[PDB]
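Participant: The following block contains the structure, expressed as structure tokens.
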Amino acid sequence: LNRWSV
Amino acid sequence: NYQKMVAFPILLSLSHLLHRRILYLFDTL
Amino acid sequence: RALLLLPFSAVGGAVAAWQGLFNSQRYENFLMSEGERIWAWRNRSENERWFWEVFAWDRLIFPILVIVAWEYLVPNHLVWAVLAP
Amino acid sequence: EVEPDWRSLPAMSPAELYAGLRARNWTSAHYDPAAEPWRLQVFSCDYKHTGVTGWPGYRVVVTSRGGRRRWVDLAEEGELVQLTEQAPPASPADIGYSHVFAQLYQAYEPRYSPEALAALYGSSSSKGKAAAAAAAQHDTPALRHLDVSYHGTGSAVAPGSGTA
Amino acid sequence: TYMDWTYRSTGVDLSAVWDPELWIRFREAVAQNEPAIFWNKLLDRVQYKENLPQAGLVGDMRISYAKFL
Amino acid sequence: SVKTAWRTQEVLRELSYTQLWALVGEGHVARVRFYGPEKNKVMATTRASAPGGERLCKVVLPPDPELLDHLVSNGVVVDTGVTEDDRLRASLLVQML
Amino acid sequence: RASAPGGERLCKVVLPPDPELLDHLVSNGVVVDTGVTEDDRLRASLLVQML
Amino acid sequence: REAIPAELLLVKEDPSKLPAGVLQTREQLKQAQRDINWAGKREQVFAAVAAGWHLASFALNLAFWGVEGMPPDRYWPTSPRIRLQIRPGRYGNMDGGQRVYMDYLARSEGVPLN
């Protein structure tokens, strides 16, 4: 999905 | 009962989500 | 004789006392204690912060809101209600 | 007249005001001769653009027999009707100040003694000034209505002041 | 011509934006081979400001509401 | 069946014009609140003398110009939920904006 | 009609709010064709306004 | 010099021939005075309440003041380029851009050198 979300 | 009891967590969540949404609106702009 | 009337000095003394309350070792100790409590609470939670910063809007509330909004807006058509969304 | 405290006076519905005006209207089918006199004072806001608590329509202060004062908020014009309209509107929440002013106009209509049988037919000459003008009339609202003035609220803030 | 079928068939009410008079003028121009019939209407629609009254309205030509009545 | 069903909050209870007219004529409705953008819906607050006590019913009507000549003819006070306090709160909100 | 001055033609007329117009057209033998007029104006005039 | 006696200057009004309700009672006069006093300050009071709410928000921000008391946040770094993923690449970057970057950084830091 998104790298900064995890 | 429940008068300012089902409101305070919901208003707390709304305030937090609103502030994070303003920050993310700056981010997407 | 008495120039003390209309006490601008007394109303500024509140601001002076407010400034003097901080920048002391008591306020530094309070700030360090608050840093300890913030550190403790940040180690305790660790899941609710990710839920509220990543999940709660983008993956829980916003898809529900846009699907409900689209179905409330578009006409009762098969393409507009199923295939286009 | 001094503009009253709107937040403290008891409120009366526009429907109730319309029913009372119909009951004091002798030209209407719902006329009640045994009706208490009403003093109607219509206020129009004059601090709409100078103040901050302005209101768009009219406010009718109704004073009853015992000195009790209520008020009606005719904020919007309802079903726009002519002044001679007597039919109540469907969905009573469409009673605005147009119906109230129509009832006020219809109330003050003069009532004539049954000399029209000797006036609408007559004998000869200028019957309207020789047999009708010497016939008189009864008002009918002057013993049941006041409608004593149409007032305006005070504007304590000047329209071009620093406070404004 | 009228596009009144568009909402119940697609969901988009093209009758809100379609011009039946312009379609009729285009159809008549095509049938008669007289393109001025469609072109004049299209140009009147586009250059509407230039169709505003600029002759006989010179220098504050207001009468009144009461004089107009 | 008030002795058979469980209690579940207090929802409105959609009536019809005929039902409301019957209980207005019989003098069971104490107050009406016309609502709807089209003003074709009514909150009917019944009185304690009604068979069932105070219940906040909801009625939908056709546009019949005889409602007033039944409600205010018998006993019913029409009202709106926007009082002067709510209007002044709206004015305060406009001032903040 | 063909008996009109100028032959048979289609002409666009914008109307004022005249309540006697429909009675005039009916009593003078005119085929009054309205069309559709979907009730839900908000829903019908939504996608075309987006366009 | 004329005298004009007061019987030709004063009003001989008797509060008996007046119609009923015309003569205001003390309670009615007090209510009228209260209504006049409230109408003379109502808009000022409401405007002061709205401005006081805005001033309370501004004073809360003033009590916030700076950065002290707030932990660093891994979800909100101080740079939007950190927060998003924005890097310069092959198209756009040119040698002169270093000079322009130097001048913009000098102006942003606040020094008049280039």
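Matching residues to (1) surrounded by 11 or more Cβ atoms within 10 Å (Cβ to Cβ); (2) of a type outside the set (D, E, K, R); (3) in contact with a helix residue (DSSP H, G or I) (Cβ under 8 Å, 6 or more places away or on another chain):
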residue: C:40; (1), (2), (3): no, yes, no
residue: C:57; (1), (2), (3): yes, yes, yes
residue: C:62; (1), (2), (3): yes, yes, no
residue: C:78; (1), (2), (3): no, yes, no
residue: C:84; (1), (2), (3): yes, yes, no
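Participant: Taking only chain B into account, find how many residues are more than 10 Å from chain C (Cβ to nearest Cβ) and over 25 Å from residue H:85 (Cα atoms).
Facilitator: 14
Participant: Counting only residues that are facing another protein chain (nearest Cβ under 10 Å) and surrounded by 12 or more Cβ atoms within 10 Å (Cβ to Cβ), give me the helices (runs of 4 or more DSSP H) lying completely in chain E with at least 2 of them.
Facilitator: Details: elements: E:6-10, E:20-32, E:36-46, E:65-68.
Because the criterion is at least 2 residues that are facing another protein chain (nearest Cβ under 10 Å) and surrounded by 12 or more Cβ atoms within 10 Å (Cβ to Cβ), the helices (runs of 4 or more DSSP H) in chain E that meet it are E:6-10, E:20-32.
Participant: Among the residues that make up the stretch F:11-32, is at least one of them at the interface with chain D (Cβ under 9 Å from one of its Cβ atoms) and either in contact with a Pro (Cβ under 6 Å, 6 or more places away or on another chain) or closer than 28 Å to residue D:96 by Cβ (or both)? Reasoning before the result, please.
Facilitator: If we filter the stretch F:11-32 for residues that are at the interface with chain D (Cβ under 9 Å from one of its Cβ atoms), which is where we start, we get F:32.
Those left that are additionally either in contact with a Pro (Cβ under 6 Å, 6 or more places away or on another chain) or closer than 28 Å to residue D:96 by Cβ (or both): F:32.
Yes, the stretch F:11-32 has at least one match.
Participant: Filter the stretch D:113-152 for residues that are touching a helix residue (DSSP H, G or I) at 6+ places or on another chain (Cβ under 7 Å) and not aliphatic (A, V, I, L, M) and give the result.
Facilitator: Within the stretch D:113-152, the subset touching a helix residue (DSSP H, G or I) at 6+ places or on another chain (Cβ under 7 Å) is D:113, D:115, D:118-119, D:122, D:131, D:141, D:145, D:147.
Scanning the stretch D:113-152 gives D:113, D:115, D:122, D:141, D:145, D:147.
Participant: Can you confirm whether residue F:94 is closer than 30 Å to residue H:54 by Cβ, part of a loop (DSSP other than H, G, I, E, B) and within 14 Å of chain D (Cβ to nearest Cβ)? Working first, answer last.
Facilitator: Values: closer than 30 Å to residue H:54 by Cβ: yes; part of a loop (DSSP other than H, G, I, E, B): no; within 14 Å of chain D (Cβ to nearest Cβ): yes.
The answer is no for residue F:94.
Participant: Could you check the stretch D:81-114 and list, in sequence order, the residues that are more than 14 Å from every other protein chain (Cβ to nearest Cβ), assigned to a helix (DSSP H, G or I) and in contact (Cβ under 8 Å) with a residue 40 or more places away in the chain? If you could, list the steps in order and put the result at the bottom.
Facilitator: As a first pass, look at the stretch D:81-114 and keep what is more than 14 Å from every other protein chain (Cβ to nearest Cβ): D:82-84, D:97-98, D:101-102, D:104-114.
Imposing the further condition that a residue be assigned to a helix (DSSP H, G or I) reduces the set to D:97-98, D:101-102, D:104-107.
The answer is D:97, D:104, D:106, D:107.
Participant: Given (1) away from chain H (no Cβ under 14 Å); (2) free of Cβ contacts under 8 Å to residues at least 40 places away in the same chain; (3) part of a helix (DSSP H, G or I), identify the lone condition not met by residue F:87.
Facilitator: Result: residue F:87 fails condition (1) only.
Participant: Going through the stretch F:1-36 one residue at a time, which ones are assigned to a helix (DSSP H, G or I) and either over 30 Å from residue D:14 (Cα atoms) or touching a strand residue (DSSP E or B) at 6+ places or on another chain (Cβ under 6 Å) (or both)? Explain how you work it out, then say what you get.
Facilitator: Just the residues of the stretch F:1-36 that are assigned to a helix (DSSP H, G or I), to begin with: F:17-25.
Within the stretch F:1-36, F:20, F:23 qualify.
Participant: Now, a different point. Any idea how many residues of the stretch D:106-163 are surrounded by 15 or more Cβ atoms within 10 Å (Cβ to Cβ) and hydrophobic (A, V, I, L, M, F, W, C)?
Facilitator: Of the residues in that region, 6 qualify.
Participant: Next up: Which one of the conditions (1) within 14 Å of chain D (Cβ to nearest Cβ); (2) surrounded by 12 or more Cβ atoms within 10 Å (Cβ to Cβ); (3) touching a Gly at 6+ places or on another chain (Cβ under 9 Å); (4) among the small types (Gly, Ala, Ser) does residue H:69 fail to meet, given that it meets all the rest?
Facilitator: (1)
Participant: Could you run through the stretch G:23-37 and say how many residues are within 24 Å of residue E:24 (Cα to Cα) and surrounded by 10 or more Cβ atoms within 10 Å (Cβ to Cβ)?
Facilitator: Matching residues across the stretch G:23-37 total 3.
Laboratory data are not the source of any read-out in this text; all were calculated from the coordinates shown. Note: ideal-geometry Cβ built from the backbone for every residue, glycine included; neighbour counts use all protein chains shown.
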